[PDB]
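Below, all heavy atoms of this structure are taken into account, side chains as well, without hydrogens, waters or symmetry copies. Note that ligands are numbered from 1 as they come in the structure, with each ligand's atoms numbered from 1 the same way. Naming convention: chains lettered A, B, ... in sequence-line order (proteins, then strands); numbering from 1 in each chain.
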Protein chains: 4
Amino acid sequence: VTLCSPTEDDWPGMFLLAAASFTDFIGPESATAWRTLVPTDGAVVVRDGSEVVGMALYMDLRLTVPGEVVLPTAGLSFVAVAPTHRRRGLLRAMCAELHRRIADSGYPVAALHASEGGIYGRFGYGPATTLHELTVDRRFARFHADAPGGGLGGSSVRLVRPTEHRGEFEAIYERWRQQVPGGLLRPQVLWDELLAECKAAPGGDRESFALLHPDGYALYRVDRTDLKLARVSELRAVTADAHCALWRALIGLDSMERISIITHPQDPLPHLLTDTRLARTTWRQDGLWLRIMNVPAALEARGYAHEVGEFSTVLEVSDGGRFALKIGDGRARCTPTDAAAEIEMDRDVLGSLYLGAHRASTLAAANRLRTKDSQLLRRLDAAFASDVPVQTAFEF
Amino acid sequence: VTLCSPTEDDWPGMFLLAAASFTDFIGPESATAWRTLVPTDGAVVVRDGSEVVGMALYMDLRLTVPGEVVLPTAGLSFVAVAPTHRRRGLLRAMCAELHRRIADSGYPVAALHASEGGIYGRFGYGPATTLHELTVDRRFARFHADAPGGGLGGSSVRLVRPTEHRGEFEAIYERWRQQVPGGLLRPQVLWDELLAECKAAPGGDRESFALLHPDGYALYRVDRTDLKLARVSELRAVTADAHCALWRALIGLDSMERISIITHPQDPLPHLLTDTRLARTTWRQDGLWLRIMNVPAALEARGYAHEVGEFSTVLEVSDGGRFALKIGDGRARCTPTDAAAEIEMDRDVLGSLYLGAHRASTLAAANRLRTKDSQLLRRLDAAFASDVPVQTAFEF
Amino acid sequence: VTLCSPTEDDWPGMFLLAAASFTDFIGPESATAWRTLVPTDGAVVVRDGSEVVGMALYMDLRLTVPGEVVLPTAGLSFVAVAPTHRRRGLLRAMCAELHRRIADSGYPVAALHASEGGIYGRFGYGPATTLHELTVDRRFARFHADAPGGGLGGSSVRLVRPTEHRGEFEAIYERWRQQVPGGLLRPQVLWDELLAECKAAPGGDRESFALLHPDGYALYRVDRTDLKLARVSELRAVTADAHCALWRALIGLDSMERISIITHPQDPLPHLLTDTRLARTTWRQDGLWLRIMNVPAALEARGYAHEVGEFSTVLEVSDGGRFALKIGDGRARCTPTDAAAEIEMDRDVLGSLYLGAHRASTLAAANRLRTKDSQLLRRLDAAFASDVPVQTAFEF
Amino acid sequence: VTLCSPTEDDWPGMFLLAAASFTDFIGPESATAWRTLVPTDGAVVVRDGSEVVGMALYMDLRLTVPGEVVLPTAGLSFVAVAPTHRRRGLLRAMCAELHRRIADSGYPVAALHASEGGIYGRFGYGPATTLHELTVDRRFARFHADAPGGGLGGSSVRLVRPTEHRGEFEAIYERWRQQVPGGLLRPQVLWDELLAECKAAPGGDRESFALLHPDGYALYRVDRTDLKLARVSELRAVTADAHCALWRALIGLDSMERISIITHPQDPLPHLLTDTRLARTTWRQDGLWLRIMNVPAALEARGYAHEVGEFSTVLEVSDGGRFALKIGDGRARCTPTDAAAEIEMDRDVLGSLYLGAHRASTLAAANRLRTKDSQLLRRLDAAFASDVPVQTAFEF
Ligand SMILES: CC(C)(COP(=O)(O)OP(=O)(O)OC[C@H]1O[C@@H](n2cnc3c(N)ncnc32)[C@H](O)[C@@H]1OP(=O)(O)O)[C@@H](O)C(=O)NCCC(=O)NCCS
Ligand SMILES: CC(C)(COP(=O)(O)OP(=O)(O)OC[C@H]1O[C@@H](n2cnc3c(N)ncnc32)[C@H](O)[C@@H]1OP(=O)(O)O)[C@@H](O)C(=O)NCCC(=O)NCCS
Ligand SMILES: CC(C)(COP(=O)(O)OP(=O)(O)OC[C@H]1O[C@@H](n2cnc3c(N)ncnc32)[C@H](O)[C@@H]1OP(=O)(O)O)[C@@H](O)C(=O)NCCC(=O)NCCS
Ligand SMILES: CC(C)(COP(=O)(O)OP(=O)(O)OC[C@H]1O[C@@H](n2cnc3c(N)ncnc32)[C@H](O)[C@@H]1OP(=O)(O)O)[C@@H](O)C(=O)NCCC(=O)NCCS
């Protein structure tokens with residue numbers, strides 16, 4: 001068993017492993033497009049002795065974090081070990097090598113979407129965003145008297161074919177992704193792929209439509225089996241006005257009984273309605289997971305809440321160093337120290353804290369972050385909160 | 001149609017209306033026990049011309065709010081209008097009269113549990129707690145290396161019959177309710193009623209068991225139809241250690257596939273496990289709803305976050321007054337003013353903010369709270385947050 | 001194997017057979033009450049050699065037929081053959097004997113409710129009423145501007161406990177049963193039994209309520225398993241105004257999503273609504289079945305439509321005689337003849353025609369009634385129609 | 001917002017709206033074929049200011065009504081308003097304009113199939129046919145001794161490929177449509193479309209087969225998901241013999257458990273079987289809806305029942321005129337009058353009465369048709385009945 005970077009001749013064997021490991025496998029043509037985002041030396045394979053029995057890679061991404069700061073981010077993906085070679089340490093070996101390459105290349109953070117919740121904690125990944133599915137019975141939905149844009153006159157929203165309005169979707173998305181933590185840059189090849197998914201499929205998915213506003217859009221399609229359900233695949237709103245107008249239009253889809261969307265826990269949609277209960281939470285799951293590769297670089301890059309007064313502490317990350325951390329005026333300085341730790345946590349826990357999706361106080365109640373100072377805990381909680389709620393961009 | 005306080009002769013007609021309006025109607029014997037909590041003049045009925053066609057009442061409660069402050073609280077309940085007399089304004093009339101009585105009696109807040117989400121917003125009630133059902137497939141559940149109490153030696157938890165340990169449940173609950181916002185005092189009659197529900201029912205509910213720790217307890221029973229599901233009706237933990245020990249024991253219920261509980265969004269349970277995803281959010285709903293009866297009294301009673309620096313603003317509640325509000329050092333002072341409002345909201349919105357379950361920033365994105373100052377919004381968000389996560393006590 | 005009238009010592013063996021043959025077996029106490037309606041010599045049993053292996057009986061009923069005419073009617077019931085003695089001709093033997101007794105006793109018609117649709121056709125029973133279940137999603141239901149009783153002021157309907165209003169239900173029902181074909185007299189013992197079913201059952205059925213109008217009533221209860229479904233067990237309306245008022249009240253049952261009732265195909269309910277489609281036909285089945293025992297007596301007893309001009313024909317019933325039939329001015333005269341038949345049908349077919357539930361033209365298209373004269377067919381169709389739609393009274 | 005007839009450049013925008021409004025949208029190629037039936041000026045669009053936000057059209061049809069009379073009929077279809085422009089009166093505007101065009105063009109009636117039951121009543125459309133789904137468990141089905149064509153010798157029915165027998169289907173259908181009320185002429189383009197649906201679809205519908213008799217045919221296919229269900233899409237029988245022979249053959253489909261068909265309430269199928277209950281009514285719904293455009297023209301065109309003696313009345317249609325109506329010898333004469341009305345009804349109600357699907361007595365019990373004369377009501381009921389049961393042709 002050898003571990004190395006794949007040559008062009010390894011890729012058919014990788015695509016086989018992928019087809020056999022991922023039911024949603026996008027196929028060799030789409031995989032070849034995503035492949036443009038994998039840098040030289042961004043992939044590893046394990047060969048038996050010959051054939052590929054393990055693989056893993058990362059893609060070059062740009063991730064927005066609190067304070068509208070954009071970080072270069074290694075997006076781990078296409079990770080698989082053949083059923084014939086599992087529980088033999090191949091994943092451990094591949095992850096160790098890629099993390100070494102990622103850290104040496106100067107990425108401050110790595111990220112992934114997890115096939116199961118039990119795999120990546122041990123490799124230092126913590127779930128950093130939360131997927132929150134809302135399902136609205138639009139037959140009962142009425143907008144609150146307070147909701148923006150209720151009066152007479154035309155709508156600002158147009159029903160359009162997605163493929164005819166690429167330029168506009170690109171520009172709205174680019175605005176959205178820079179202002180929301182969790183935002184990812186979407187390169188040209190991924191827009192190529194996205195807009196190709198919009199067509200009706202040979203007995204597969206039904207046609208996708210779009211609702212377009214100057215400051216937001218929604219892409220949606222009728223569910224394949226539940227013909228009275230419209231599934232919104234993506235709703236990107238730069239303003240509260242755009243968000244409300246788009247929901248007014250979606251709730252106007254008279255042929256549907258239900259509209260669903262995978263969104264974030266702070267989606268204001270329920271508060272737009274006279275009956276908040278009509279926007280039902282029907283599913284909840286971890287979205288993006290984060291591994292902080294360089295503790296000081298990541299902590300100094302992010303913005304912090306201005307409300308909390310300046311404070312100083314000593315943070316130990318379990319195998320990631322001990323640091324004097326000073327947070328004041330929305331900024332952190334994070335320097336080496338051998339002073340006694342006041343806060344201790346595993347690396348995965350820092351990842352969970354990093355985009356504001358999980359409170360330090362909650363992690364502390366589970367003993368995942370240890371301190372004896374309850375005031376310090378309150379201060380950390382407040383500082384690490386994100387003013388702009390964290391959202392999930394696209395799966396990779 | 002006359003509206004007045006019921007005489008002893010009206011109660012059989014009220015119990016009829018109740019039986020016909022509430023499928024979960026507790027029955028006349030149990031209703032007669034809850035009745036001990038309804039003060040003189042705490043009930044209204046509407047009679048046709050004669051028979052009761054409408055009813056509503058409130059119970060005297062004690063509710064814990066952020067800062068461990070306990071407020072006298074009017075708990076609205078038993079609200080119904082006969083199917084023969086609906087959409088005729090009887091609810092409006094009954095609510096107007098009870099609110100007048102409640103305000104005059106000196107209650108700063110009223111509260112209820114809503115049969116539907118669309119009814120009470122217009123009467124100034126905002127949803128103030130969130131019910132969050134977690135379901136754990138205990139066959140896969142493993143505790144994290146960090147989780148408290150993993151080593152050898154006896155458990156601190158005992159499997160007991162609930163009815164044999166009333167005194168201990170009472171004392172743990174009394175500790176719990178004083179320290180958690182959302183906490184309600186549970187009078188003797190409600191413990192009488194609770195412990196009577198513990199017995200196996202003639203073809204009804206299965207026997208209830210209890211898991212008892214010095215600092216917490218869990219009451220649970222096997223689901224009537226899904227024999228591999230244990231439903232936890234109530235888990236009251238005063239310490240993180242008690243919470244973890246109780247979950248260790250529940251997850252040890254080898255005969256079960258699944259354990260479910262209706263809990264709060266910040267329950268640390270998922271973080272206790274090696275796979276956070278195993279604690280699945282299977283249902284979400286508004287719990288307790290709040291109507292702030294006296295704006296200055298309520299705002300001055302609550303504690304605020306210490307992290308936010310002192311600030312002053314002018315808050316207008318839509319039909320509830322305009323106030324100079326100064327928040328500093330964890331405390332608010334809230335005085336009459338005719339100065340220009342900086343923040344405006346309907347009364348229901350203040351109720352939603354009051355226990356920290358909903359962020360001002362989220363309500364603002366839906367235009368339910370209006371300000372032009374984004375800094376002020378951040379400050380309000382931080383100040384109104386509850387350090388101790390809000391929980392739901394018992395339904396009434 | 002002997003066939004005779006049961007002695008008092010046979011009844012425990014009959015009740016055993018019944019318990020084993022009917023899942024809905026009402027039990028020995030209720031069966032003993034219905035037993036008061038069985039005349040002397042109204043029952044037969046077959047004994048092996050000793051124990052009862054077959055039984056059948058009839059009850060003395062009064063049935064309303066078109067023209068508001070009431071006929072003495074033998075209601076066959078409690079018919080069963082032990083699983084150990086089936087397909088041996090016991091049913092044939094028992095039916096032959098009871099029919100002989102029924103005919104000799106002077107009943108012009110016999111009736112039953114069928115456990116399956118394939119049994120009784122061969123014994124001369126035709127399905128004579130149609131059960132039609134309507135289910136209304138009351139959340140969407142709005143009454144048409146034309147529907148009676150929409151304005152302001154009190155309702156004429158009261159929500160009551162059934163057991164406290166026996167006298168009123170009895171009097172309304174007695175009016176209803178005399179004016180509707182399919183109507184049956186309900187003796188005191190059956191009101192005793194009915195009103196005993198109204199109580200909540202030990203883990204069984206939920207409590208029954210009643211909606212009472214001076215000219216109609218509805219009895220209903222929440223479904224045992226679907227807690228948002230109200231099932232109307234019986235709605236007896238003497239006027240269109242009573243029918244509408246009762247439906248207004250039922251549709252006011254705010255706690256329910258759905259209201260269902262087993263009714264007749266001409267129930268005007270759907271036409272009361274702005275969306276007729278909301279009253280969904282969810283089940284359809286034969287109700288009452290009729291065997292005409294004496295052809296001339298039955299045909300002369302009934303009223304016929306006045307619209308059709310006088311006409312004369314010759315009707316042959318397959319093993320039931322040939323008759324000169326003259327119908328004019330709403331009345332028939334039906335005398336023996338050996339003239340050539342113009343219309344031929346089996347006895348069961350006449351039963352199906354008799355209350356107006358099935359058209360002669362429809363039976364003729366299936367060759368169940370044979371004539372060569374299409375004008376005669378049209379005339380028969382018109383004459384046999386019932387001006388008042390046929391309804392189903394109660395099961396026996 | 002402008003309302004006018006579409007130009008050739010509007011049609012891509014209409015097809016977009018259609019795709020977004022109708023899940024069953026037949027597609028641009030099929031829509032372009034149906035388009036041949038839309039006359040010049042038969043369509044309207046509403047444009048924002050530019051893009052289509054509303055559309056509606058009618059097709060030129062021929063509808064058979066009682067008495068085998070064929071009426072030119074405007075078939076409304078392709079009606080939609082964009083989700084961004086709803087509840088703004090666009091439907092009202094479009095319907096007003098098309099009705100003006102339809103009335104001026106000299107059509108006595110308009111017709112449609114309704115997406116929901118609550119839309120068209122207000123525009124004067126009443127449901128005029130009833131869809132009645134029967135499902136037969138063919139494993140138990142046995143034909144009655146009376147049913148036509150039971151003896152030995154070959155069947156008159158052949159199992160064929162639909163596309164190889166177009167000429168024969170056309171001729172049988174043309175006979176059927178002229179003799180049944182509800183019948184519609186099926187132009188060549190619709191046979192083109194129909195026979196193209198017969199092929200197996202790329203993962204879609206399974207292959208369609210046909211059963212062919214000289215006087216009738218049935219088209220059917222196995223259900224896509226329930227492989228033991230055969231769904232009959234269309235059964236057109238000119239004789240009772242053809243109807244029975246076709247059902248004998250369908251019930252011979254040994255590979256199937258169930259056969260279903262959407263048929264009419266008077267389908268004689270159940271009476272063909274020894275157990276009528278085996279032909280289960282599994283769904284019921286309004287089919288064709290009618291708006292009578294010219295009251296006197298429509299009432300004089302139809303045939304009436306000969307059985308009812310000559311009578312004269314005065315009928316007021318709510319915004320449709322008042323008429324002296326004389327019906328005798330199967331014919332009506334309907335002339336202007338200002339004499340006092342004896343019968344009053346909204347226009348939609350007349351549409352419901354017109355093909356004999358609904359009884360005047362039933363509409364009257366719901367107060368949808370008002371008279372004080374119960375004899376007059378009986379006479380109207382009898383006169384408006386259709387001797388040949390009304391059927392539904394094809395959806396448009
Ligand atoms: C997940 C997967 C890559 C693991 O590969 P592997 O070579 O068998 O893993 P390793 O042998 O290196 O195991 C490393 C550790 O992770 C653990 N582990 C691996 N997969 C796990 C999972 N699904 N859940 C919980 N633990 C897991 C092992 O128990 C082991 O623990 P240990 O160090 O205490 O002994 C593999 O099962 C696979 O290809 N799955 C199918 C596709 C997939 O889901 N890939 C991941 C996409 S995000
Ligand atoms: C909810 C209930 C008490 C309402 O009584 P009512 O007398 O018909 O209400 P009113 O006539 O006074 O209506 C007042 C307003 O509330 C609205 N309203 C009442 N119930 C509502 C509901 N279920 N959802 C949304 N709006 C509702 C009315 O539309 C009306 O609005 P308007 O002021 O704009 O006209 C009644 O339907 C009932 O008894 N329900 C069954 C039992 C129940 O659920 N009770 C509540 C327990 S929390
Ligand atoms: C229905 C029941 C009474 C029949 O008794 P039985 O003694 O086996 O019937 P017989 O032997 O006299 O059969 C007489 C004819 O009826 C037919 N038959 C009996 N039950 C039938 C049924 N369920 N469906 C169709 N045909 C049936 C027999 O095939 C026979 O036909 P044949 O004359 O061509 O040979 C019996 O099966 C029974 O007790 N069922 C359970 C309870 C029940 O449903 N009772 C009827 C309440 S309405
Ligand atoms: C049905 C549809 C065409 C209505 O368009 P619209 O422009 O919003 O309707 P309007 O604004 O002109 O409303 C006219 C009236 O009809 C009512 N109405 C419209 N659709 C209705 C429906 N689905 N159910 C009940 N009432 C409806 C409105 O409430 C309004 O009533 P009012 O006069 O008392 O105010 C639209 O919702 C639509 O495109 N639906 C999707 C496709 C479809 O089903 N089309 C119909 C095919 S038969």
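In plain terms, the two heavy atoms of B:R86 and C:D254 that are nearest each other are NH1-OD1, 2.9 Å. Residue C:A110 comes nearest to C:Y125 through the heavy atom pair CB-OH, 3.5 Å, listed as atom of the first residue, atom of the second, then distance. Heavy atoms only, all atoms of each residue included: A:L250 and A:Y220 are closest at CD2-CD2, 4.2 Å.
The distance from atom CG of D:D286 to atom NE2 of D:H113, rounded to the nearest 0.5 Å, is 9.5 Å. Interatomic distance, D:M14 CE to D:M55 CE, rounded to the nearest 0.5 Å: 8.0 Å. Between the CG atom of C:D137 and the NZ atom of C:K228 there is a distance of 11.5 Å, given to the nearest 0.5 Å.
Closest to atom 1 (C) of ligand 3 among all protein heavy atoms lies C:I119 CD1, 3.9 Å. Protein heavy atom nearest atom 42 (C) of ligand 3, with residue, atom name and distance: C:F22 CE2, 3.8 Å. Residue, atom and distance of the protein heavy atom nearest to atom 31 (O) of ligand 3 are C:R122 NE, 3.9 Å. The single protein non-hydrogen atom nearest to atom 25 (C) of ligand 3 is C:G118 O, 3.6 Å, given as residue, atom name and distance.
For C:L229, the side-chain contact (heavy atoms from CB on, under 4.5 Å) partners at least two apart in sequence or on another chain are C:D223, C:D226, C:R231, C:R258, C:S260. Under the rule for a ring pair (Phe, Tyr, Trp, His ring centres under 6.0 Å), D:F123 has no partner lying at least two apart in sequence or in another chain.
Under the 4.0 angstrom criterion, atom 45 (N) of ligand 4 counts as having a protein heavy-atom contact. Atom 34 (O) of ligand 4 is never approached by the protein to below 4.0 angstrom, counting heavy atoms only. In this structure, atom 40 (N) of ligand 4 is in close contact with the protein, since a protein heavy atom lies within 4.0 Å of it. The nearest protein heavy atom to atom 13 (O) of ligand 2 is not closer than 4.0 Å.
A ring-centre distance under 6.0 Å is found for C:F140 and A:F140.
With a 4.0 Å heavy-atom cut-off, ligand 4 is reached by the backbone of D:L91 and by its side chain too. Using a 4.0 Å cut-off between heavy atoms, D:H85 makes no contact with ligand 4 at all.
Of the possible polar contacts, none joining the D:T392 side chain to the D:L131 backbone as a donor-acceptor pair under 3.5 Å is found. Within the 3.5 Å criterion, the main-chain N or O of C:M256 finds a donor-acceptor partner in the side chain of C:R138.
Listed by number with element, the atoms of ligand 4 under 4.0 angstrom from any heavy atom of A:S255 are 41 (C), 42 (C). Atom numbering of ligand 3 starts at 1 in the shown order; those under 4.0 Å from a heavy atom of C:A80 are 39 (O). Within ligand 3, the atoms closer than 4.0 Å to a non-hydrogen atom of C:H113 are 48 (S), numbered from 1 in the order shown.
At least one N or O atom of C:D254 sits closer than 3.5 Å to an N or O atom of ligand 2. Geometrically, ligand 3 and C:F123 share no nitrogen or oxygen pair separated by less than 3.5 Å. Looking at ligand 2, you won't find any N or O of B:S21 less than 3.5 Å from one of its N or O atoms. Note: no N/O pair closer than 3.5 Å links D:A114 and ligand 4 by distance alone. In terms of polar-atom proximity, defined here as any N/O pair under 3.5 Å, D:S115 does make such a contact with ligand 4. The shortest N or O to N or O distance between B:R92 and ligand 2 is below 3.5 Å. In terms of N/O distances under 3.5 Å, ligand 4 is approached by D:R88.
Using bins of under 30°, 30° to 60° and over 60° for the plane-to-plane angle, the ring pair D:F22/D:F78 lands in the tilted bin. Ring orientation note: the planes of D:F25 and D:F15 are tilted relative to one another, at an angle of 30° to 60°.
Counting heavy atoms only, D:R87 comes closest to atom 4 (C) of ligand 4 of the residues D:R86, D:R87, D:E116. One option in C:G89, C:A20, C:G117 has a heavy atom closer to atom 10 (P) of ligand 3 than any other, and that option is C:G89. The closest heavy-atom contact to atom 38 (C) of ligand 3, among the options C:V53, C:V81, C:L17, comes from C:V81.
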